[PDB]
S.K.: 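What follows is a single structure, and I will ask about it in a moment.
Atoms within a ligand are numbered from 1 in the order they appear, just like the ligands themselves. Just so we're on the same page: letters track the sequence lines, and every chain starts at 1. Quick note: numbers below take in every heavy atom, side chains included, and nothing from hydrogens, waters or symmetry partners.
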2 protein chains.
Amino acid sequence: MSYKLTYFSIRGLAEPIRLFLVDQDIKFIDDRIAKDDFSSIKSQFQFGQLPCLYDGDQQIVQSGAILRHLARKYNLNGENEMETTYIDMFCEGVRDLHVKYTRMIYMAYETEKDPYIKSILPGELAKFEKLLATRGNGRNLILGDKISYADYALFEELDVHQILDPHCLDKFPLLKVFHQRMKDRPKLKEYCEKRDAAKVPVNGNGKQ
Amino acid sequence: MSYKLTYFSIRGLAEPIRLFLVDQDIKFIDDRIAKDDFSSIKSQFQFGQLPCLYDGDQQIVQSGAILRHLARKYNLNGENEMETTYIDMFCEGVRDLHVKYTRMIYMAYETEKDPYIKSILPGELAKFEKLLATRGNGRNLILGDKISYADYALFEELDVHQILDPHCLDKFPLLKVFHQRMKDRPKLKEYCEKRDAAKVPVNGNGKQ
Ligand SMILES: N[C@@H](CCC(=O)N[C@@H](CS)C(=O)NCC(=O)O)C(=O)O
Ligand SMILES: N[C@@H](CCC(=O)N[C@@H](CS)C(=O)NCC(=O)O)C(=O)O
């Protein structure tokens, strides 16, 4: 295959890219590296880190760059400058939430999970609930009727946050419905079931 | 003026955008707001944060989305898909260094500045020295002869690290020459002189 995605055997940073590839029926080698095997190959990557997408002869690190590249190549990058900018802005906001999430998971799970759920996460979700409403009244996908790369990022972020706090979307009807809509896309539902069967952890420390 | 960039009165995340606009001679309102005045306007921004670029009637937050929007408008986003991906990937690496730098600055300046300078920074710069070589032998700009948005981000990151450690580029000749090449661009030379004269803070806590 001409695509290989190299990452750890967790959802982590790679998962939005995996979701994009699966939902767009782009076949790829899902090259999942065990933690102890990474030091031997680390210098092969331009910043010594994963994920890495090999796209033919091109070696592309940086999760944001990988997803934006795929979006251009497969016409999931919006239809005009305003759209392209908007989904970039939106997806970058998703990455900011993921930074907060990961800091709590890796650095302070036992003490910071509950204050995160109660006192950080709701305000962050509220920003997305408001923003989502600006296209299609937020009642379909981020750009309205046409899927874009940002939808996969938002879906994964909402999904991992529901694992963390099953009630977190209760009071955010647009986000709750978006998550429902995405999970019901058949290629994503099938893949979710394979991923559950494989007992894939969200994060590298087994907490979630 | 039709372009307005709103950020705090520090370099921070806005500075690569300011550098883009200054170097490209895109006249803009440099809207620098005081810490204490942000609360009253925070809800006007899609994630409650700055920087924000107003481009005519378009309000764009997220520094990376702002930069890529400007890059598309002004043809500083590469000439083909591979270049577009490359500069993004490069810029994302710069942002990762900036995350490390800012964690040190804001969380541990008094005890971890010296370890950062000695033990973290050199290996991080080495990754850039190596990657920069891939186009134009690394002897000009990131894409070779043509400027891109990533050049401004790299320039700023090298500049703030030389403030931190004046000797940090001693062992990285491509980076050292690149930093000087950028600073010698006429619009940047003038701007940087004035920025230095005013001792514009790099960071919001005045440490650098
Ligand atoms: N900005 C990066 C971050 C990549 C990153 O932090 N990678 C981590 C895994 S989540 C890693 O490769 N750690 C292994 C190491 O540094 O040895 C990206 O979005 O791809
Ligand atoms: N991912 C964002 C980060 C924006 C951000 O962290 N903004 C900070 C300044 S560095 C801010 O507006 N702080 C004000 C606040 O949250 O009250 C971007 O690149 O623009």
S.K.: Can you tell me the protein heavy atom closest to atom 18 (C) of ligand 1 and the distance?
M.R.: A/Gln62 OE1, 3.2 Å
S.K.: Between B/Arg95 and ligand 2, which residue portion shows a heavy-atom distance shorter than 4.0 Å: side chain, backbone, both, or neither?
M.R.: side chain
S.K.: Closer than 4.0 angstrom: is that true for some heavy atom of B/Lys42 and an atom of ligand 2?
M.R.: yes
S.K.: Report yes if some heavy atom in the side chain of A/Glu92 is under 4.5 Å from a heavy atom in the side chain of A/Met89; otherwise report no.
M.R.: no
S.K.: Give the intermediate values and the outcome of side-chain hydrogen bond (donor to acceptor under 3.5 Å, both in side chains) for residues B/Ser63 and B/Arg95.
M.R.: CA-CA 10 Å; B/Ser63 63; B/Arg95 290 166 72 97; 2.9 Å; yes
S.K.: Answer whether the closest heavy-atom distance between the side chains of B/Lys27 and B/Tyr3 falls below 4.5 Å.
M.R.: no
S.K.: Which pair of non-hydrogen atoms, one from B/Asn203 and one from B/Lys207, has the smallest distance, and what is that distance?
M.R.: OD1-O, 2.8 Å
S.K.: Is any side-chain heavy atom of B/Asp151 closer than 4.5 Å to one of B/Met182?
M.R.: yes
S.K.: Taking 4.0 angstrom as the limit and counting only heavy atoms of A/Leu13, give me the atoms of ligand 1 inside it, by number and element.
M.R.: 3 (C), 4 (C), 5 (C), 10 (S), 18 (C), 19 (O)
S.K.: Enumerate the atoms of ligand 1 whose separation from the nearest heavy atom of A/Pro51 is less than 4.0 angstrom.
M.R.: 20 (O)
S.K.: For B/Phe8, take its heavy atoms, then give the atoms of ligand 2 lying under 4.0 Å from any of them.
M.R.: 11 (C), 12 (O), 13 (N), 14 (C)
S.K.: More than 12 non-hydrogen atoms from neighbouring residues, nucleotides or ligands closer than 6.0 Å to CD on A/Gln44, yes or no?
M.R.: yes
S.K.: So, B/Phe38 versus B/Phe8, ring centres under 6.0 angstrom or not?
M.R.: yes
S.K.: Could you tell me the separation between the OG atom of A/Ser148 and the CG atom of A/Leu143, rounded to the nearest 0.5 Å?
M.R.: 4.5 Å
S.K.: Taking atom 10 (S) of ligand 2 as the point of reference, which of B/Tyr7, B/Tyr106, B/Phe47 owns the nearest heavy atom?
M.R.: B/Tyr7
S.K.: Counting non-hydrogen protein atoms only, what is the nearest one to atom 5 (C) of ligand 2? Give residue, atom name and distance.
M.R.: B/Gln49 NE2, 3.3 Å
S.K.: Around atom 20 (O) of ligand 1, find the nearest protein heavy atom and jot down its residue, atom name and distance.
M.R.: A/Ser63 N, 2.9 Å
S.K.: Report, in ascending order of atom number, the atoms of ligand 1 lying under 4.0 Å from any heavy atom of A/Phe38.
M.R.: 14 (C), 15 (C), 17 (O)
S.K.: Which of these, A/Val99, B/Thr6, B/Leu50, has its nearest heavy atom closest to atom 4 (C) of ligand 2?
M.R.: B/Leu50
